[PDB]
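Single-structure report; data block below.
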Amino acid sequence: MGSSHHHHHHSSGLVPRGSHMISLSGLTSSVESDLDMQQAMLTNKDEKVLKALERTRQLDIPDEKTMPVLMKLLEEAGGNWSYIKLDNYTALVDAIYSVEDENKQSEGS
Numbered sequence: 001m002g003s004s005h006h007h008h009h010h011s012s013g014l015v016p017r018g019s020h021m022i023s024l025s026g027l028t029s030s031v032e033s034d035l036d037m038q039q040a041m042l043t044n045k046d047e048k049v050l051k052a053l054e055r056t057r058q059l060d061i062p063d064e065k066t067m068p069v070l071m072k073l074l075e076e077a078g079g080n081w082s083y084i085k086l087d088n089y090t091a092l093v094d095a096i097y098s099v100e101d102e103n104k105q106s107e108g109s
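So in the authors' numbering, spot 60 of the sequence shown is number 60, and the numbers just go up one at a time.
Encoded structure:
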């Protein structure tokens, strides 16, 4: 009136792996960028700025990285698109190519 009926088997538990990091959802942890949004407020855009994104979008470039890129050109050009567009905003090509490249190369923050 006392028999044991159980079984056991070895198992490691192999699971898949993926290298994808993105804040798809909100109201959650990983709020290290949620604050950075404040900086973008002190650096809005303009009507002409939308023109730059035109050439960038062609190469599939996000306005998030292009924002600080285009503003970098007008900085030295004192806000002159005439010259900056002398090569179809070539500056964006070499600029985005640099930033877009090497994204993991860093210590942390």
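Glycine included, each C-beta is placed from N, C-alpha and C at the ideal position.
Residue i burial status per 10 Å Cβ neighbour count (16 or more: buried)
{"i": "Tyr-89", "result": "buried"}
{"i": "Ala-40", "result": "exposed"}
{"i": "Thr-28", "result": "exposed"}
{"i": "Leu-70", "result": "buried"}
Cβ pair residue i, residue j closer than 8 Å
{"i": "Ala-95", "j": "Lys-72", "result": "yes"}
{"i": "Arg-55", "j": "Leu-92", "result": "yes"}
Residue from the options with nearest C-alpha to residue i
{"i": "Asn-103", "options": "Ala-77, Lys-65, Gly-79, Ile-84", "result": "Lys-65"}
{"i": "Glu-100", "options": "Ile-61, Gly-108, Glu-107", "result": "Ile-61"}
{"i": "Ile-22", "options": "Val-31, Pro-16, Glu-54", "result": "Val-31"}
Expected contact under 8 Å - CB spacing of residue i and residue j to nearest Å
{"i": "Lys-85", "j": "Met-67", "result": "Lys-85 to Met-67, Cβ: 17 Å. No contact."}
For residue i, three-class secondary structure by DSSP
{"i": "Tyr-89", "result": "coil"}
{"i": "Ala-95", "result": "helix"}
{"i": "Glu-47", "result": "coil"}
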